Amino acid sequence: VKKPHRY
Amino acid sequence: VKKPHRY
Amino acid sequence: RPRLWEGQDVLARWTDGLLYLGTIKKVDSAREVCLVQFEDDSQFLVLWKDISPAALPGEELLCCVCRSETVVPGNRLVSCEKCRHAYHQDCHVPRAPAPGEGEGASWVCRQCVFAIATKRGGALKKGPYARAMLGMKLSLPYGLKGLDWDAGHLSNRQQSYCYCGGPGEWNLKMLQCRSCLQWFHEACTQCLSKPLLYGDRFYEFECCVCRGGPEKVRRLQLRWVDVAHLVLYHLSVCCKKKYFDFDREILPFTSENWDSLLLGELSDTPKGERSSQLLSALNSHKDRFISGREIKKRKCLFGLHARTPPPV
Amino acid sequence: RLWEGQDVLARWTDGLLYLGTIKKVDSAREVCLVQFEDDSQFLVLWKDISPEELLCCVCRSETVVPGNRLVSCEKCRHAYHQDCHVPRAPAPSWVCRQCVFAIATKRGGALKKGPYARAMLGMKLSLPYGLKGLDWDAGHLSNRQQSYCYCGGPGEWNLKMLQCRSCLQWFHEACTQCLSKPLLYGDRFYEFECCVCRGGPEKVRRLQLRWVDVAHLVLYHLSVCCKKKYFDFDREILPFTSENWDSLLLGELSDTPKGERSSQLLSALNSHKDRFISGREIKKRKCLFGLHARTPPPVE
DNA sequence: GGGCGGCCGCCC
DNA sequence: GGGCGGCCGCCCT
Ligand SMILES: [Zn+2]
Ligand SMILES: [Zn+2]
Ligand SMILES: [Zn+2]
Ligand SMILES: [Zn+2]
Ligand SMILES: [Zn+2]
Ligand SMILES: [Zn+2]
Ligand SMILES: [Zn+2]
Ligand SMILES: [Zn+2]
């Protein structure tokens with residue numbers, strides 16, 4: 001569930 | 001650009 | 001004045017140069033490191049330099065960088081249109097434009113630009129954010145000439161790398177610039193055509209700061225000894241084990257990722273000659289490779305003597 | 001020794017360390033020409049130049065005497081005589097004086113809380129130079145050795161420095177831990193006492209400014225910052241005063257109507273023609289003001 | 001009889 | 001998952 005933060 | 005040096 | 005506190009929602013730069021949403025659990029003022037818990041409930045130590053406070057709701061009235069007032073006129077407090085964080089113009093790298101002034105009204109900070117542009121396998125090549133990425137990459141958010149490297153120039157104690165100034169491991173998806181000898185994250189570059197293999201230093205690379213513009217990269221020619229060593233190390237890292245079966249793991253990996261390997265002169269090689277050349281390479285170099293035969297296993301098993309990347 | 005092209009850390013007049021490259025050395029006058037990141041070049045004294053080693057960098061020698069084991073720092077890896085260091089080193093993790101400051105110092109005041117804040121405070125109890133043997137000018141503003149503050153580096157008294165009322169030595173803003181607001185240039189309206197004379201934390205008291213003082217300090221601060229002489233009252237002088245009114249620490253003048261602020265300030269600018277020059281003297285608008293002499297406001 | 005090339009698999 | 005525990009089954013005699 002860990003993933004890069006994206007705007 | 002000048003930057004104060006910290007370790 | 002305080003910038004980081006316990007229970008604070010936070011963005012953390014990882015060794016891949018990517019930002020992950022997390023929460024600070026403990027603040028170690030002595031080490032200047034915080035214990036961050038991420039979405040997968042995993043806890044890690046992250047340096048303060050790689051920690052940015054999450055986007056608060058609404059406007060921010062204090063510079064998120066220095067957390068103090070300035071008495072120097074012409075140093076306005078500008079807000080990023082994305083994360084709504086406030087910056088002193090002189091507290092940003094590069095210097096942030098005042099509102100209006102330089103023509104686009106809406107200014108986006110370095111953190112958000114990287115957050116939008118960076119991507120595993122290489123960052124954006126085209127678009128407004130690719131060009132915004134390029135603009136930011138021409139300036140480093142740290143002092144490069146002052147880093148404290150080891151003898152091999154593989155790691156520095158400040159743990160500052162790339163254009164992002166984040167942490168990183170040279171042997172894990174990072175290219176070294178031929179000019180400044182600095183290592184740069186795969187996700188932060190914009191010049192690659194294929195995803196980097198773990199430990200693949202078979203490149204000639206020059207970063208944006210040295211070039212003063214777009215990056216320049218060239219794929220060096222691999223020997224068959226290199227391909228065997230590179231595939232082994234990549235698998236050794238990716239699968240996290242030492243010994244690999246030739247016919248059911250090593251070979252099926254190469255043929256299924258042959259184009260991604262960028263083998264150049266060897267790219268023509270017929271499938272049959274692939275096996276014979278790889279097998280002979282794996283057998284002929286006992287200084288690099290160890291057969292399963294050495295530890296009472298089948299002879300088609302291979303691993304690396306030391307889990308090290310291929311030398312160049 | 002030192003050579004050309006060598007990358008070094010140089011202690012600037014603000015007490016902070018900046019990374020630079022040596023362009024020329026002069027052993028005759030013990031000075032060094034250093035180029036910095038912004039491609040600027042300045043003459044730096046060798047006392048401010050900083051270059052798994054075995055030698056003591058302070059005394060240029062090895063010793064026999066027991067009790068003072070040559071101890072190396074954890075950050076800069078330099079070897080220190082236990083008694084050539086100030087105040088004095090534990091023998092064996094140890095961080096030397098210069099690195100403690102490097103970690104703790106900051107523009108607008110050093111760290112107040114934390115392990116390094118307490119570390120520097122322990123360091124600030126003693127000076128790494130002979131204070132009594134310093135040569136001062138008549139105004140006691142400058143050194144011949146250019147040694148100031150707790151750090152022992154260079155500095156200009158009018159550029160964000162405070163003078164101790166007891167020992168009269170000048171101290172960098174970045175090396176103090178007592179300030180609540182950033183220093184304006186040329187601000188001497190303080191009663192300051194250092195850590196050495198106090199044997200503990202610094203003590204500082206803000207003096208009560210008059211209106212003529214406010215006008216002079218603001219005009220001088222703007223003059224240093226903007227590098228020009230004449231400032232518009234309504235477009236520059238008053239907005240700055242209003243935007244940074246809280247940081248000025250003006251005591252009783254704080255509770256003054258902004259309408260009267262403008263009047264009191266404009267009145268002082270027109271009255272004191274020994275300090276200020278209106279725009280009349282150079283055929284501009286009278287609301288323009290500049291200092292007669294580019295000098296900090298004097299204390300009564 | 002039993003030496004030995006060879007490698008299948010448990011186990012924490 | 002890899003370092004050994006375990007030992008089949010050729011060969012020579
Ligand atoms: Zn700031
Ligand atoms: Zn932003
Ligand atoms: Zn470079
Ligand atoms: Zn990066
Ligand atoms: Zn100082
Ligand atoms: Zn040190
Ligand atoms: Zn010594
Ligand atoms: Zn004193």
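Hydrogens, waters and symmetry mates play no part in the numbers below; they use all other heavy atoms, side chains included. By convention in this document, chain letters (A, B, ...) are assigned in the order of the sequence lines, proteins followed by strands, and residues within each chain are numbered from 1.
The closest side-chain donor-acceptor pair between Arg274(C) and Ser255(C) falls under 3.5 angstrom. For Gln82(D) and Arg88(D), the side-chain atoms include at least one donor-acceptor pair closer than 3.5 Å. Residues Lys49(C) and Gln158(C) bring no donor and acceptor atom of their side chains to less than 3.5 Å of each other. Checking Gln111(C) against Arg13(C) by side-chain atom types alone, a donor-acceptor pair falls below 3.5 Å.
Taking atom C1' on both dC7(E) and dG5(F), the two are 13 Å apart, rounded to the nearest angstrom. Taking the P atom of each, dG6(F) and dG6(E) are spaced 23 Å apart, rounded to whole Å.
Scored by the ring pair (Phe, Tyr, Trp, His ring centres under 6.0 Å) test, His85(D) finds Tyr80(D), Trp94(D) as partners (sequence neighbours excluded). Remark: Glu186(C) pairs with no residue by the salt bridge (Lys or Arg N to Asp or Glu O under 4.0 Å) rule, at least two apart or across chains. Annotation: ring pair (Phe, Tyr, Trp, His ring centres under 6.0 Å) contacts of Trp48(C) (sequence neighbours excluded): none.
A positive value of the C1'-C2'-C3'-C4' torsion places the sugar of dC10(F) in the north (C3'-endo) family. The furanose ring of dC10(E) falls on the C2'-endo (south) side of the pseudorotation cycle, as its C1'-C2'-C3'-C4' torsion is below zero.
Ring geometry, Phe246(C) versus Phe302(C): the interplanar angle exceeds 60°, so the pair is classed perpendicular (tilted spans 30 to 60°). Aromatic ring pairs are classed by plane angle as parallel below 30°, tilted from 30° to 60° and perpendicular above 60°; the pair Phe44(C) and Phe38(C) is tilted.
Here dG2(F) presents its P atom at 13 Å from NZ of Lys240(C), a figure rounded to the nearest Å. The interatomic distance linking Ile290(C) (CD1) with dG3(F) (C1') rounds to 11 Å, in whole Å. Between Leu304(C) atom CG and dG2(F) atom P the separation is 11 Å, expressed in whole Å.
Of the charged side-chain nitrogens involved, none lies within less than 4.0 Å of a carboxylate oxygen, so that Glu206(C) and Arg218(C) do not count as a salt-bridged pair. The pair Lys299(C)-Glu294(C) fails the salt-bridge criterion, with no side-chain N (NZ, NE, NH1 or NH2) lying under 4.0 Å from an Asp/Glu carboxylate O.
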Under the 3.5 Å Watson-Crick or G-U criterion, the dot-bracket string of DNA chain F, with | for inter-strand pairs: |||||.||||||.
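Within residues 241-252 of chain C, the residues having any heavy atom under 4.0 Å from DNA chain F are, by residue number, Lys241(C), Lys242(C), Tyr243(C).
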Pick out the pairs of N or O atoms, protein on one side and nucleotides 7-10 of chain E on the other, that lie under 3.5 Å.
{"unit_1": "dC8(E)", "atom_1": "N4", "unit_2": "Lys296(C)", "atom_2": "O", "d": "3.0"}
{"unit_1": "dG9(E)", "atom_1": "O6", "unit_2": "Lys297(C)", "atom_2": "NZ", "d": "2.6"}

